[PDB]
Amino acid sequence: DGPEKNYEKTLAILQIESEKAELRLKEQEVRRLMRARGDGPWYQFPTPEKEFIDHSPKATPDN
Amino acid sequence: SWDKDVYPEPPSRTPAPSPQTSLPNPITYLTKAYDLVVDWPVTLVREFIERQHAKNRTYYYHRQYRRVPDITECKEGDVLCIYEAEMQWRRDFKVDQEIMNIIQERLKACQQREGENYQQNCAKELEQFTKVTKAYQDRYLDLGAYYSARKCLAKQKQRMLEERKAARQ
């Protein structure tokens with residue numbers, strides 16, 4: 001075919017690999033930050049549910 | 001096919017024959033026989049081949065590459081223009097290798113042409129060879145097996161810094 005085809009195929013391969021590299025570095029940083037201070041979707045450790053709390057008036061008034 | 005601009009050759013100066021003796025020259029006799037027996041059929045065959053070439057003549061072109069941006073104006077990590085500058089550097093490295101081969105053939109041709117006068121008449125060829133090998137040692141020496149545009153730039157920057165420090169005093 002010619003040298004320009006291999007040249008531009010190599011350019012596309014290098015672009016894909018560099019994008020994968022920076023994405024992997026960013027996801028390392030995202031996971032480290034989110035595990036350090038969980039404030040997004042990931043690393044959300046559980047918590048007891050408020051829906052199973054009785055809110056009706058009870059026998060003891062001081063509740 | 002070759003040109004004297006890149007393969008210089010001084011014009012030949014052969015002396016005229018002045019045979020003092022009366023004996024015939026066997027070299028001249030054998031040379032005339034050699035042409036009449038060998039050179040004429042060989043040049044006839046080559047002329048037939050050359051007119052067949054002229055009947056089927058084709059052309060080919062020497063490829064030329066435009067100048068991509070050099071690695072100095074090229075950001076680190078952005079491997080696209082890194083790659084383009086690196087292959088341009090490799091291409092120029094191969095071109096410089098063949099330039100070195102050309103200069104070495106020039107020096108060898110000078111030495112063989114001069115013979116016993118090579119210590120005097122090859123001063124220009126030796127000077128050109130010395131200048132080009134000093135330039136080659138400045139640009140490409142001690143790079144290692146993984147030579148690259150980045151390593152060449154680092155070596156050049158180190159040499160420039162050393163020269164600038166030496167130029168202060």
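Residues numbered from 1 in each chain as written, not as in the entry; some residues may be left out. Chains lettered and ligands numbered in written order. Part of a larger assembly, values for the part shown. Heavy atoms only, no water.

Per the deposition metadata, cryo-EM was the technique used to determine this entry, at a resolution of 3.0 Å.

Chain B appears in the PDB entry as NADH dehydrogenase [ubiquinone] 1 beta subcomplex subunit 10 from Mus musculus. Looking at chain B in UniProt, the text filed under Subunit is "Complex I is composed of 45 different subunits. Interacts with CHCHD4." As recorded by UniProt, the Subcellular location comment attached to chain B reads in full: "Mitochondrion inner membrane". (UniProt positions renumbered as here; feature names shortened; annotations may be inferred.)

Looking at the PDB entry, one finds chain A named NADH dehydrogenase [ubiquinone] 1 beta subcomplex subunit 5, mitochondrial, with Mus musculus as its source organism.

A. Region of the structure containing the packing of aromatic side chains. This model, assessed by the stated rule, comprises eight aromatic pairs over all chains. Measuring from ring centre to ring centre gives 5.2 Å for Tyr 7 of chain A and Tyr 83 of chain B, while their planes differ by 50 degrees; the resulting arrangement is tilted. Of this pair, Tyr 7 of chain A sits in helix α1 (residues 3-36) while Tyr 83 of chain B sits in helix α2 (residues 79-114), placing the two residues on different chains. The class for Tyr 7 of chain A is partly exposed, based on a relative accessible area of 22%. With a centroid separation of 5.4 Å and an interplanar angle of 80 degrees, the aromatic rings of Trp 89 of chain B and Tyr 140 of chain B are classed as edge-to-face. Here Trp 89 of chain B, found in helix α2, pairs with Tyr 140 of chain B, found in helix α4 (residues 123-140); they are 51 residues apart in sequence, far enough to count as distant. (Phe/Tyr/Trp six-rings, centres within 6.5 Å; stacked < 30°, edge-to-face > 60°. Helix = DSSP H or I, 4+ residues; strand = E, 2+ residues; numbered from the N terminus. Buried < 20%, exposed > 50% of the residue type's maximum accessible area, 1.4 Å probe, protein only.)

B. The arrangement of the nonpolar core in detail. Residues and elements named next belong to chain B. In this structure, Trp 89 and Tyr 140 are the most contacted members of the largest nonpolar core, which totals 13 residues. The set of elements that each furnish at least two residues to this core consists of α2, α4 and α5 (149-166). The element contributing the most residues to this core is α2, with six residues. Contacts of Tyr 140, omitting those with residues within four sequence positions, involve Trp 89, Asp 92, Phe 93, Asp 96, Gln 97 and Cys 152. (Core = buried A, V, L, I, M, F, W, Y, C linked by side-chain atoms within 4.5 Å. Contact = heavy atoms within 4.5 Å.)

C. A look at the pattern of salt bridges. Residues and elements named next belong to chain B. In total, this model carries 12 salt bridges over all chains according to the counting rule given. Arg 139 is paired through a salt bridge with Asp 96; the nearest N and O atoms lie 2.4 Å apart. Pair noted here: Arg 139 is in helix α4 and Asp 96 is in helix α2, with a separation of 43 residues, a long-range link. Members of the salt-bridge network, linked through shared partners, are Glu 9, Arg 113 and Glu 114. (Salt bridge = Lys/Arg side-chain N within 4 Å of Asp/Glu carboxyl O.)

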